[PDB]
Structure formats: structure tokens, C-alpha cells
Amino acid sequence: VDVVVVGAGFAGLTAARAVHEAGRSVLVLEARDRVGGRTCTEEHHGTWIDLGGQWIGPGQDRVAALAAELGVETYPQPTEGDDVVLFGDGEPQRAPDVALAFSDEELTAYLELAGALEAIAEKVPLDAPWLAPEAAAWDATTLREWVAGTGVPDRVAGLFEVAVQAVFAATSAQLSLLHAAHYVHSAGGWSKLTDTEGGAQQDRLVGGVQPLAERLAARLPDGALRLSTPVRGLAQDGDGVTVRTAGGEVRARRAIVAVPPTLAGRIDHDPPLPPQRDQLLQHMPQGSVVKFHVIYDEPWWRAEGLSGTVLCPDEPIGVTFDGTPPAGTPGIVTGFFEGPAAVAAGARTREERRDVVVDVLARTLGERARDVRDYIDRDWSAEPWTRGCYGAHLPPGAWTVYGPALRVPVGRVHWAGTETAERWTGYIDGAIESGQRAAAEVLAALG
């Protein structure tokens, strides 16, 4: 074949397609028995359950183009109802929006802390974070260190910490300031990452995200997609690339590897990857998230005038969301254990995580939250073919020293994945970008 793509996520599949329609031969070798990767949809209780990525919002041009091209309808994330905020061994507070549980002072400082991180972000080149003028200072500094500088009160530092852990699936301490700043630039600012209406959590897909990936996969000729076919090894010479699977061997001119960084370095590369790139991947840890859907017979919180959104900065769950489909049943409360609370939850059983979620909801939405019909969750850290969501972060010292290896081809081996995107890195939209860019590269470099 002309091109072998490793991975049938949105990055893999988008690269495989652009290569196919250009007039070139391609195989996609995928480890799982399905497509979609970090997107994954299961039917439960008469509706779709997005165990992985579910949300699209404005500014995400490429996924909105894909959904529309392939005949997939969207519905809004519900917005109406009183939100509940809970601090410490305090009582729960009902407001028409989270924001209105904080003082005048507290809100000011919050929006000024966001406005401040955006200032840094705007100066970070999306294609080359290492080339910001303040790159030295910013890559030696954690986000936590920077927040502590702002001299913001504990309750505004707590609120900002819930938003950090909900966006990166890692604490402010794990991230370089330069990584955080690049990610905010990439998304078009803090409100773009955090908001529902006008934000990344604005819209969902009717029937869920995994079907959109399947529709993209059906644009490939029969025999192009190989499922349950993990790539163990990747060899290359001046003539082409030999892909060793278990029970088979594939031979192409060039390769696109579209897996999560930590899985990319697990492949037996021959010759061995250059050291800057091998060490970049040792410095690109995946985040830590357990995503859950609490299932009730009905969205009983709405009848109390409640949105179903709780925000508890001291609880092991950060933010919740009404995940009820457009038909109005079953009622769903969707949420996440993020960073350290996700690692602790992952070490426990399904039933122990259910009891923690239901306890928090009972003390916020109401005691009726213990009357659960079903609980459905996924630890993406446990998934051998992801090993953490939503994607990689870089700790201090990674971006300026190993980061330049991010996108550079090694010979005939090219790189895709949301982690290689300029815009909405970390999101489906970013995956799509990476696919388009990796394919353009291989068409150019081939003929």
C-alpha cells in the first residue's frame, strides 16, 4: 500500500480518508474491535451513552463540518434550572448560575485571573509553544505557582482549580504554565473551554459520537479498515516501512501513527526513534478521568426547578451536567472524577464510585439521588489502548526541551493525534485537524 495509518480514532480515520480521496491506497490498523478510540458509544435504557467525548461547541469548525457532511444531528446541552454550589462542611447554595454563589469581589478576581492567563496564551505560538518570547520562564513554572502569584482568595483559587481539573484531567501543579497557556490559546480562551452556551459543552450529537466515527469509516473502501489488529512493530528503510502485527505483516511507502503519545512510544520502532522524541513521549503523560452517567427513571431535579449542575470544589467530583436526551427519559446526571480523585476512584469498584457520586448528589440535588436506577462509568486510565483521557499534558521543562520533536516526521513515519493539533488540541476537532495535516504531509512527500 501507499500509506498505513495506525489507529482508527478521528485523527487516524480523517488521515485515511483524505489519503483515499486524493487517489492513494491506504490501510487503517486498529487495536480495538471498533472505531472511535477516545469516543465510545453504547446503547443503554433506550438511549446513547457517550463513555468518551460527547460535546461540540462554537469555534470547532472541522467536527461541525464532519457531523453536517455525514448527516448527524446535534442537540443543546440543557442550560435552565438552579445550579447548586457546595464549599467544605457548609450547606448547599441554590443560584440560577454557579457564578451567583460568589461575592462581587470573588467574581471580579476570577474573571481577572482568567483574563490574565489569556494574556499569556495570546503570546504562545500554536505551532511552536517553545518559541513564545517568555518560553524559558513559562516552561519552568507550574500553573499552581502562577495562580499563587495572583494573590487570589482561597475560594477563587478553589473555583479556578475545579475548572483546571475539568479541562485537563490533572491539577494546576502537574501542568507547566506554558502548556496551560498554549491549550487556552488553542481553544480561543478560558470561556471557550469552560462555558456551555458559547463554549466547548454547548452541543451533543443525537445517537452519540461513536456513530460519526463509523460513518467516517464507511467512506473507506471495503478491506481498508483492519479491526482487532494492534500494531506491535514499525520498521523503516530508505525504500518504505514494514508494519508487524500479530498474525500478519503490512508493507507501505509511509506511515501515519495516530495513537496517544504514550502508546506511540510503546511500538517497536526500527531504527529506534531519535532520543528527543522517545524522551518527549516519556514527558507527555495522559490525564486521569473516570466519566460517569447516573441513571434515574426521570430527571426529577427539573421538577424541583434544578438544572442538575452541582459544583463542589472540595468534593471528589468537580462539576455535574444534566445528560437527559431530547425525549426526556431516562434522566441522566453526567460527571467526572478528575486528576487525583480519578486515580483514587479507579483503584475502587464500580459500586464504591457509585456510592461516592450518589453521596455528593444527595447532599446537593436532594436525598432522592440515592434512588438510582443504574450507574455507568469508564476509567480511561484502565483502557489499555488509551491509558488516560482527555489527552497528554506536559510538566515543567518538557515543551522547550523535548517539545520541538512533537510533529517532526522520522523518515517515513508521520505523526497525527489531537495532541499534534494547533487549534482545539485535546478535542475531536483537534484530532480532525491533525488527520488533515498528516495526510497533506504524506501526499506532498510521496510524489
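Numbering starts at 1 and runs along the sequence shown.
- Mean C-alpha B-factor is higher over 98 to 106 than over the other stretch, the pair under comparison being 98 to 106 and 122 to 130.
- Taking the mean C-alpha B-factor of each stretch as recorded, 326 to 334 and 241 to 249 are not equal, and the higher mean is that of 241 to 249.
- The entry lists C-alpha B-factors for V257, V184, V84, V358, and the highest of these is at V84.
- Per the deposited coordinates, the residue with the largest Cα temperature factor out of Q236, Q210, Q174, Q201 is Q236.
- Looking at the C-alpha B-factors along this chain, the one for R266 belongs to the middle third.
- Ranked within its chain, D222 lands in the middle third, by CA B factor from the PDB record.
- In the PDB entry, a CA B factor belonging to the highest third of its chain's modelled residues is recorded for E69.
- Split the chain's modelled residues into thirds by C-alpha temperature factor. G37 is in the lowest one.
- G430: CA B factor in the lowest third of modelled residues in this chain (values from the PDB entry).
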